[PDB]
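Below you'll find the structure, written out as structure tokens, and then a few comments.
By letter and in written order, the chains are A, B, C, D and E; residue numbering begins at 1 in each of them.
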Amino acid sequence: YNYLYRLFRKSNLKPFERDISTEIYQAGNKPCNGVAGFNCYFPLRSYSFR
Amino acid sequence: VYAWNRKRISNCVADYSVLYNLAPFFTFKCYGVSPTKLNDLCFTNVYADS
Amino acid sequence: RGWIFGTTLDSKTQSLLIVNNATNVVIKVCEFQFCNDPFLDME
Amino acid sequence: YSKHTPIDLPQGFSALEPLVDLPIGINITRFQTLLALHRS
Amino acid sequence: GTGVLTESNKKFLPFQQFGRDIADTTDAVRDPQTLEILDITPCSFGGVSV
């Protein structure tokens, strides 16, 4: 699980651009305030390599 | 992939023939340059994104 | 003496630093934790 | 690109010679210059 | 390219490496190893009338 990808972001990246910011994403109308919960998910998820 | 490593290749002579002849790489696909012409050209501002 | 370039100017993103101090000209690309008021100050 | 001239802004022509071509490949949207203080 | 390499009197600036004519074809080049500036002139040609 050492390899992670950005599942959620507000906008698409530019060419040759890396995003490593571990900020929470707001998927709904309600603000998340940096805390996980309903419709608040972490952007980086790990691959299940077996 | 979210934190992909970019390495600069500079001030070296590169033999690309040893990359083509080896069989472990499933995909060797080039877009802006011919694969067989890489040994005959000179380049700068070279980066490997891993 | 120099300039600071970036997007958020912190360790979250990657930033470019150009400085010329008393001896030599240094160009660095690092993830700097920049000051709100960065400056230089014989030096 | 840089140019040094021995001298509001003067009215004249001076082409800026390219000084550094830098391969960064990073996003830049905001900048800030660095000054030097004098302490007494 | 195919041409005659001759001495040149064109004062290239330090950043400048090669030169381009009206047609955008290279007319002068800076040789590696020696850093000298060589003028490139196309080889002698003309029409043959019988």
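Here is the rule we go by: a residue touches a chain if its C-beta (ideal position, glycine included) is under 8 Å from a C-beta of that chain, and two chains touch if they have at least 3 such contacts.
Peer 1: Suppose each chain is reduced to the average of its Cα coordinates; what separation in Å results between subunit C and subunit E?
Peer 2: 42
Peer 1: Nearest whole angstrom, what separates the Cα centre of subunit D from the Cα centre of subunit E?
Peer 2: Roughly 34 Å, centre to centre.
Peer 1: Where in subunit D do residues touch two or more of the other chains?
Peer 2: Each of 25-27 in subunit D touches at least two other chains.
Peer 1: What's the contact topology between the chains, one of line, ring, star, complete, other?
Peer 2: It is other, because the touches fit no line, ring, star or complete pattern.
Peer 1: Can you list every touching chain pair?
Peer 2: Between chains, contact exists in these pairs: A-B, A-C, A-D, B-D, C-D, D-E.
Peer 1: Which positions of subunit A touch subunit D when the two form their complex?
Peer 2: 14, 16-18
Peer 1: Which part of subunit B faces subunit D closely enough to touch in the complex?
Peer 2: Where subunit B meets subunit D, its residues are 6, 8, 45, 47.
Peer 1: Write out the stretch or stretches of subunit A touching subunit C in their complex.
Peer 2: 18, 20-21, 23
Peer 1: Going by the contact rule at the top, pick out the subunit D residues touching subunit A in the complex.
Peer 2: For this pair, the touching residues of subunit D are 25-27.
Peer 1: Give the list of subunit C residues in touch with subunit A in this complex.
Peer 2: Residues in contact with subunit A: 8, 12-14.
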